Amino acid sequence: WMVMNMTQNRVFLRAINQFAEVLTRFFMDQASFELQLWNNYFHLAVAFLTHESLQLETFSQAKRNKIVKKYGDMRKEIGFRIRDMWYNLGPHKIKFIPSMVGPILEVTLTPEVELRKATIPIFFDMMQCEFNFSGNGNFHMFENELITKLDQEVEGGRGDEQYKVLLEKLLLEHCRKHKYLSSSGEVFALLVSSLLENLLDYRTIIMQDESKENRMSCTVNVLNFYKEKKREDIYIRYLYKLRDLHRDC
Amino acid sequence: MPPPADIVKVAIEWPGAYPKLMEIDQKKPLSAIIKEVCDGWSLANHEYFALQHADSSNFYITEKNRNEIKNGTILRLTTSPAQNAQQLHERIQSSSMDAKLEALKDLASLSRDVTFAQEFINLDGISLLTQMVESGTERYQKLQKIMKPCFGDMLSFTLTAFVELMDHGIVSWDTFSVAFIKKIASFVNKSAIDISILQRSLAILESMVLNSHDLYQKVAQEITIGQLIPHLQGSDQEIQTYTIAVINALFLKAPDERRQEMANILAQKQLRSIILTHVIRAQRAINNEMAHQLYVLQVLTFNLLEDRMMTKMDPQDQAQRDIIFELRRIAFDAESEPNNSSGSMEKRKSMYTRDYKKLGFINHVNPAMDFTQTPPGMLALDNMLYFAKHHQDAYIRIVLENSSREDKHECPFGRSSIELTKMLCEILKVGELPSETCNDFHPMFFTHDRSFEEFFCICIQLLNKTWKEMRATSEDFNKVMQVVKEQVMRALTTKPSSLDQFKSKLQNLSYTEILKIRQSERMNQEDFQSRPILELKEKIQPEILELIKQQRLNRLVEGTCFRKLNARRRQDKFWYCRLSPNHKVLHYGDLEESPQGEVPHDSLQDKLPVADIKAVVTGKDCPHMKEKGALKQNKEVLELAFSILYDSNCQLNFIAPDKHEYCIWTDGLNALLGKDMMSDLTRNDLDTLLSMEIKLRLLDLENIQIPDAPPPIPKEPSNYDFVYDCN
Amino acid sequence: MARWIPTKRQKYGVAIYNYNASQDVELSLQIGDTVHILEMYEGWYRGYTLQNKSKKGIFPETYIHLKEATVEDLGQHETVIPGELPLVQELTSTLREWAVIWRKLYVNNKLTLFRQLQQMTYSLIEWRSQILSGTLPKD
């Protein structure tokens with residue numbers, strides 16, 4: 001009963017919208033307390049956002065045509081509401097990080113572009129807020145698990161290359177919009193894009209016939225990434241994978 | 001700059017002589033052409049030669065039809081037409097009978113000109129012919145029993161000349177005398193005449209009827225119904241057409257009272273029964289002239305109904321009141337007591353209103369207001385009288401049916417009958433002149449002399465049945481009209497023979513199944529061969545064959561259990577040959593007894609260069625079948641041989657379970673070679689896949705006929721100016 | 001290719017047969033190539049073909065069968081009987097899905113399913129051709 005499901009998702013969107021509007025009505029700057037529920041709130045928001053998407057309906061164009069004729073895409077307004085709420089949210093984003101890192105990944109790697117175009121500046125805003133928090137030191141504390149979760153997402157099979165290119169264009173724009181820390185952010189993003197295309201090659205060759213040399217070069221590249229970025233977890237696990245492959249070869 | 005056309009080539013032949021050429025310009029007057037011809041050929045007496053065409057026409061050159069002159073045509077010279085007329089006149093009263101025969105034969109054959117006919121008649125030809133016919137009445141009697149055939153043939157030729165002269169009307173109307181009619185009557189009265197003479201005489205009679213009216217009365221005074229019926233006994237269709245045409249001529253310009261009289265005579269003689277048993281049951285080559293005969297006889301029956309229905313039934317007639325009283329007595333003996341038959345008029349009016357308020361009549365004081373409009377007028381009264389006479393059971397059922405209609409959708413019998421009569425008159429084109437080209441014929445009009453009434457009864461009964469099934473409303477009058485028109489047209493196109501069989505086949509017919517089966521047959525034939533349809537499927541073949549090859553390759557990747565050669569001494573006969581998931585290498589070799597199938601691993605011969613494979617020989621050219629030692633294979637596997645040849649010294653010979661799997665394998669191998677397929681199953685699949693695709697695509701053209709000729713290319717503006725923005 | 005007017009009475013652009021290659025944008029159009037035309041000209045029509053909705057193709061009027069009917073078949077009273085032509089158009093959509101069905105039906109051998117599907121779709125197209133014209137009682 002796909003029609004039942006889509007109606008249910010529409011009313012889920014309506015429920016989330018009224019949640020947002022009541023939160024705006026009586027959870028403003030005075031209500032800096034009891035904000036821990038926003039964590040699970042947006043967790044559920046993304047958990048709802050992560051179904052009934054383009055690749056789900058990709059089997060026949062008729063499904064896409066009929067759904068855009070009757071409802072239109074709802075994940076688009078999910079992202080729009082999320083981004084406007086984050087714009088109106090406030091400077092307490094620091095506590096969001098260890099929680100908000102996971103959810104924003106899926107919307108980061110959306111199959112579409114335009115909503116991703118409108119959504120990318122959230123990364124610029126969170127990076128400048130991360131500098132606000134971490135001026136007394138460095139600010140790896142988002143990028144590390146950002147790369148890790150990117151790592152996990154592409155392992156799930158949702159990586160893309162022209163998406164990177166667009167990412168790089170956007171972050172070049174952001175660095176032009178910023179000051180001396182722009183060099184830091186842009187080299188970080190260079191590492192991000194290079195490792196992402198590394199894993200793109202890994203995924204596009206792990207389905208093709210085994211070659212065992214381009215993958216190994218990519219893996220030593222990720223090793224360089226991890227050792228330069230002061231991270232070890234996925235580093236040790238992927239060198240474990242390297243040892244497994246050696247054993248197999 | 002087209003080349004000038006003032007110079008043309010034309011050879012003028014002679015009978016028994018070889019041709020001579022000259023340049024002839026037709027724009028100049030014929031006098032100049034004659035002068036130039038005589039000057040070129042050095043011939044005197046230019047007035048004693050003329051020009052005629054030696055083609056199939058065999059006519060002379062006329063100012064109106066000289067355009068047939070084209071370069072490179074046989075043209076032989078003849079003498080001048082004046083000299084031809086003079087010699088014919090001299091030889092008319094000659095001493096040689098063969099000369100007379102040939103001269104009259106030529107005269108009749110070359111009797112297809114008008115102006116030359118004028119010139120010949122200017123020589124008192126008609127007067128001389130009349131004089132020799134009048135004086136020849138007793139002259140040929142002595143030699144009649146000697147040369148009846150030749151004399152009859154000459155008479156036929158002269159009558160043909162007379163007919164064509166009358167058609168051109170060159171002879172005057174008043175010049176006709178009673179001698180011609182008397183001679184034709186004498187010809188008819190003879191009992192030893194041939195079939196052709198009778199046909200010519202009846203043609204003369206019908207021409208006489210078409211000319212005037214009093215001569216029609218004269219011939220009808222000597223016309224009996226008992227002599228034109230034996231003409232029907234003849235199996236020839238032409239004589240039947242002639243007799244029917246003369247019969248129609250009898251109904252052309254006669255008073256309507258005599259029309260009814262002779263119609264009653266035909267009915268009492270039961271002409272339609274013998275017509276049905278003679279011409280309808282014949283399965284010979286039906287002529288379009290007979291179709292015209294059927295159409296004009298249908299028109300005659302329609303006029304015989306109209307001349308009695310064209311008048312308006314006066315509501316003030318007491319006889320009409322008595323007739324409708326008796327009709328409603330014999331119709332409504334369910335609600336009306338029998339005592340009202342001899343009763344007063346108050347109960348008559350009470351029954352009128354109580355029985356017409358259930359039949360959609362508004363006025364209750366003057367019930368006969370609806371009987372002043374024709375068609376049909378009183379035809380409905382005749383139909384209901386016939387219903388009471390023959391269908392009294394159905395009549396009573398219908399009487400008890402409409403009055404019991406509780407669905408608030410009672411059908412007005414009078415209004416529906418008027419509408420149906422109007423539709424029938426419109427579809428049958430009542431009141432128009434007969435067509436000169438259309439040859440539609442309905443053989444069911446000859447089943448009964450009252451055939452139209454039977455047809456209308458069957459139609460109204462079918463309509464009542466269909467309406468009872470549907471229970472129609474007042475909002476689908478257009479639907480009712482269109483469905484009845486379509487069913488009537490479909491019934492007419494079926495060409496029925498008998499009334500009962502026609503009515504049964506009306507119910508036996510499906511819901512336009514003929515159109516569907518015809519469309520399917522046409523599509524199948526176009527698939528076999530067509531100019532504007534067959535090229536469509538063969539034009540677009542990029543995906544069907546490619547995906548067939550993909551399916552074959554997927555069949556190769558999954559693989560199956562194969563068989564080995566000479567595996568009788570501890571050699572396993574189960575093994576696998578799996579294609580790479582990249583579709584470039586083959587994994588095959590010596591394996592074990594595997595009922596499960598293929599085991600995923602590297603085989604003994606894990607490599608097979610597909611670019612080094614030359615071809616796959618199919619049949620008796622496989623080297624492994626050519627051993628003369630001890631490893632000979634069975635003749636039973638002659639259908640199971642195929643070898644992958646490479647290196648010119650090593651052969652990959654494989655064994656198949658049965659035919660279809662080997663066909664699959666050889667199709668896969670050629671697909672690796674990128675060639676055509678060699679499987680009956682593929683051909684079995686090739687037809688349907690294309691058939692399925694075009695069956696899908698034909699829905700856009702459904703209800704729309706596809707033109708055969710290529711549509712033209714209409715002009716387009718040169719500019720790309722967009723009044724409405726693109727995208 | 002000038003004088004193009006917006007119009008909504010030509011959505012069902014019925015072809016005839018494989019069109020000539022005189023125009024680069026025009027190809028050997030298939031039988032079911034309904035052109036969703038958004039421009040009106042006296043002797044030509046350029047619109048979006050069903051196979052490629054993103055590519056325009058200029059088509060002659062003599063190559064276009066006049067179909068004023070829209071997807072809504074009651075506003076213009078095109079229906080032979082009300083409430084039937086929506087069924088035929090949803091059936092057309094169903095068969096356009098049947099296209100991708102039999103396209104994906106050959107990836108895996110479904111011989112029993114494939115043959116019974118052949119029989120069912122045969123009866124389907126038979127009944128569609130049967131009810132191409134609505135002239136039967138409502139039952």
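Cβ atoms here come from the backbone N, Cα and C positions, even for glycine.
Marked as phosphotyrosine by Swiss-Prot: B:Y18 (among others). Neighbour list (B:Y18 (phosphotyrosine), Cβ cut-off 8 Å, at least 6 residues apart, same chain): empty. DSSP gives B:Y18 (phosphotyrosine) a strand state.
Residues or ranges marked as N6-acetyllysine by Swiss-Prot: B:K100 (among others). For B:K100 (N6-acetyllysine), applying a Cβ distance below 8 Å and a minimum sequence separation of six or more within one chain yields B:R91, B:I92, B:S94, B:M154.
What Swiss-Prot records for B:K105 (among others) is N6-acetyllysine. In the three-state DSSP classification, B:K105 (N6-acetyllysine) falls within a helix.
The Cβ of B:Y216 (phosphotyrosine) has B:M208, B:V209, B:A249, B:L250, B:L252, B:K253, B:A254 as same-chain neighbours under 8 Å, each 6 or more residues away in sequence. Here Swiss-Prot flags B:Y216 (among others) as phosphotyrosine.
Taken from Swiss-Prot, the feature domain 'ELMO' applies to B:319-492, supported by sequence analysis.
Swiss-Prot lists B:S344 with the feature phosphoserine. Using a 10 Å Cβ-Cβ cutoff, B:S344 (phosphoserine) registers 8 neighbours.
The phosphotyrosine annotation in Swiss-Prot covers B:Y395 (among others), and the record cites experimental evidence as its basis. Its own atom aside, the Cβ of B:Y395 (phosphotyrosine) has 18 Cβ atoms within 10 angstroms in the protein chains shown.
Annotation source Swiss-Prot lists phosphotyrosine at B:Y511 (among others), citing experimental evidence. In this structure, B:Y511 (phosphotyrosine) belongs to neither helix nor strand by DSSP; it is coil. Cβ-based neighbour count (10 Å, all protein chains) for B:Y511 (phosphotyrosine) stands at 11.
Taken from Swiss-Prot, the feature domain 'PH' covers B:555-676. For the domain 'PH' (B:555-676), the DSSP-based tally of helix, strand and coil residues reads 28 helix, 27 strand, 67 coil.
Each residue of the motif 'SH3-binding' (B:707-714) gets a DSSP state, and the totals for helix, strand and coil are 0 helix, 0 strand, 8 coil. As annotated by Swiss-Prot, motif 'SH3-binding' applies to B:707-714.
In three-state terms derived from DSSP, B:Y720 (phosphotyrosine) belongs to neither a helical nor a strand segment and is classed as coil. Sequence-distant neighbours of B:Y720 (phosphotyrosine): no residue of the same chain at least 6 apart has a C-beta under 8 Å from its C-beta. Marked as phosphotyrosine by Swiss-Prot: B:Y720 (among others).
Listed modified residues (B:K105, B:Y511, B:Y720) with a CB under 8 Å from any chain C CB: B:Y511, B:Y720. A separation of roughly 60 Å, to the nearest angstrom, links the Cα atoms of B:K105 (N6-acetyllysine) and B:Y511 (phosphotyrosine). Counting Cβ atoms from all protein chains shown, B:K105 (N6-acetyllysine) has 13 others lying within 10 Å of its own Cβ. Separation of the C-alpha atoms of B:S344 (phosphoserine) and B:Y511 (phosphotyrosine): 53 Å, rounded to the nearest whole number.
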